[PDB]
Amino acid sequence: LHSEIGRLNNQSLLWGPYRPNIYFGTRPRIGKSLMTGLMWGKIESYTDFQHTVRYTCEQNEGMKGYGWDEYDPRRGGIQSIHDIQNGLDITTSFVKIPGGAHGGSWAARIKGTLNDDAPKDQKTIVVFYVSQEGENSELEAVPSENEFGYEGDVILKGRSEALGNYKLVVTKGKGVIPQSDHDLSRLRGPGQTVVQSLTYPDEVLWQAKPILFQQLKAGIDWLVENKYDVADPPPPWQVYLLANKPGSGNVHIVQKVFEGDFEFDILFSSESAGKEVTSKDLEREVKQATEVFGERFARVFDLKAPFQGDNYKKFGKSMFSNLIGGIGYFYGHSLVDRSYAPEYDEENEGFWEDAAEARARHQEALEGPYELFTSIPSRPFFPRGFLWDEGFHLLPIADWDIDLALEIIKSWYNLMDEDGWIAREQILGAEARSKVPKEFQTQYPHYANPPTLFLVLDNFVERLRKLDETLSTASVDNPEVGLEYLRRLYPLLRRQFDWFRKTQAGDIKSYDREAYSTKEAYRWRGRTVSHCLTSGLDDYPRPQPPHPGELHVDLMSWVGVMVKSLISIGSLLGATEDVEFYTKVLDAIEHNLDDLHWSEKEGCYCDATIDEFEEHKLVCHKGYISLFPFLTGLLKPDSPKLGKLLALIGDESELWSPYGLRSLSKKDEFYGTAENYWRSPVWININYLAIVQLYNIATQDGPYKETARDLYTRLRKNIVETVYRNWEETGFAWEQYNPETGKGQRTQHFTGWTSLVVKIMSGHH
């Protein structure tokens, strides 16, 4: 039955628009297989199309906005793109039609509407690019009746082991196709849909823009050779129309030119399924998917007061749809330094210089290949897997579709090496690498990241203890299935726990340090004078100078998060010996958080160093770090320390802004200093943790119940309204918010953990 649910989930999630790095494209969850991508651009001149053409996601003054209006990876959805440079409002509807043995069928409609500022007679080039990787697989464009191109549909017939037999149809579409009266029309036709079928080595098929442009350039070269010149030139849109040459190949370029508005369909028909997919099927399955998206949203994200209004419902649907719509499938080699240089042990003073020297050895090499199915922080800026971000992404996704979230967790833990390391940043294949400067590609097996995926597992365990619709919850509805998932994952969780304790260990014993436990002490590896990238809080101020005796209170709290999860999951599997050990470790972290990290002087938790004179010094920078044992759910509801932290959270002169909690106190010496990334701005992921812990205390007998209720009510309101006001004004989710102005700043399209706002609105934790 577990095995049977797994096969149904594989068949359900196989196809998607799983290329979030590009405006629109499809691929299945198979490394070497069939991939599609859309390109478009206005052409007004002989040289402009190279600058107007769109393919990979960006955000600049030329693009108003874009994103999913609705999306469920089992059904598909609808994306809107508002392009100022090309004067076009585009819609891309994608739908999946189950059937057959090869992951079903799918269809897409591309609709382009000129905006009010566009010339009514604008010429727009549209390209559908198709590639297929694999040794024993075939793809062939059926040639047209006509001499120079297609009057009707383009049919590609292909086959592979993975997909069996299939046809992919690009329909004629609706819209004016311009006609050239030039002499050239005798040899190239007056204007029509054309296909070029080509072959390149499999590993470069992803480079769709340069491949297209090499063909356009060959066509212009042919014009120069055959005496078409500036004495009497063809129109630009005809200069940039490829000569029809359909055939067999691993690359197929389908090109159309439209004058004014256009639409056309893509129909992928799996032969092993029922009848072939039609344009009438597409229209029906699109209407049905919207209905089902609507019904599910209302059950799962039931927005509570004061956000019950239709304005907040539209905001919620947009934040949620962009988060789940970033889900990608990535496949390829990773760049990893596997030297394990001893300098990476960071055991001396000045360890950052020694570790620089080791990095300048450049022993990193490509390894894999690996696959990953995951959500991403940002399509235009960060279109790849980040380890602690994915913990935040999956909290709303798990509400939507717990079986989807378990699949993404399973995908992440299948990356873990023998030692228990998962790289914090997954850059899988040349396409993923193309977006990342060579300097920032290399992963280091001594770099951790917060284990925020354990938070999702906690939500699953609580849900466990208490057909697309059926599959989305099969792993909770069928307890046997839930447990077997956990039985299989449990060892890898344990391995990661053991990896943190071997690789991220702090030094109690070699210094004048007294504490309950000799064992429980943690220090993040990887830290430089100005930075600690592995914590997630890049430039949050830490002990200066960095020092092998440092202890980090956030890291100890994350280790607490893991033990608590291992206790729950261990108990469930009856792993008795393990639970006795975890229980003793938890007890020890509870005591040692107080003995090593609590400051009575300052009334909060603090990181620690070793003095010029070799004694334990607390270093207190009031901010997110200061709250960490509260944020990770480690403090008893009656704790006096909790009460002092509630005082710090509520204090306007420290953390509390009208727009949410500040990353750093206005009182701290390092407020608004240097790059100011984590040194003042409001971050929705840490606000989300504070909101959930306040609510926990608010719905429980104890002394701070009513303090918590007031702070919960106001913080939820402030965070939601800040993200909402910015969305209404700009159309974007932002990376962080300015605590003086409330303005979104840094990166747009951050969906991204900013989409936690949908869970904050829906409440009832």
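So that there is no doubt, residue numbering starts at 1 and follows the sequence shown.
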**Message:** Can you tell me how many deposited residues have no coordinates between residue 362 and residue 363? The categories are none, 1 to 3, 4 to 9, and 10 or more.
**Reply:** none
**Request:** Look over 693-701 and 719-727 in the entry and identify the one with the greater average Cα temperature factor.
**Result:** 693-701
**Item:** Mean Cα B-factor comparison, 746-754 or 6-14, giving the higher one as deposited
**Value:** 6-14
**Request:** For the C-alpha B-factor as written in the entry, point me to the maximum among 396, 479, 260, 548.
**Result:** 479
**Prompt:** Taking the values straight from the PDB record, which of 378, 517, 449, 180 has the highest C-alpha temperature factor?
**Reply:** 517
**Prompt:** For residue 331, does the deposited CA B-factor place it in the lowest, middle or highest third of the chain?
**Reply:** lowest
**Request:** Would you check the entry's CA temperature factor for residue 735 and let me know if it's in the chain's lowest, middle or highest third?
**Result:** lowest
**Fill in**
For residue 233, the third of its chain by CA B-factor is the middle
**Complete:** On the chain's distribution of Cα B-factors, residue 707 falls within the third called highest
**Asked** Against its chain's modelled residues, does residue 649's Cα B factor rank lowest, middle or highest third?
**Response** middle
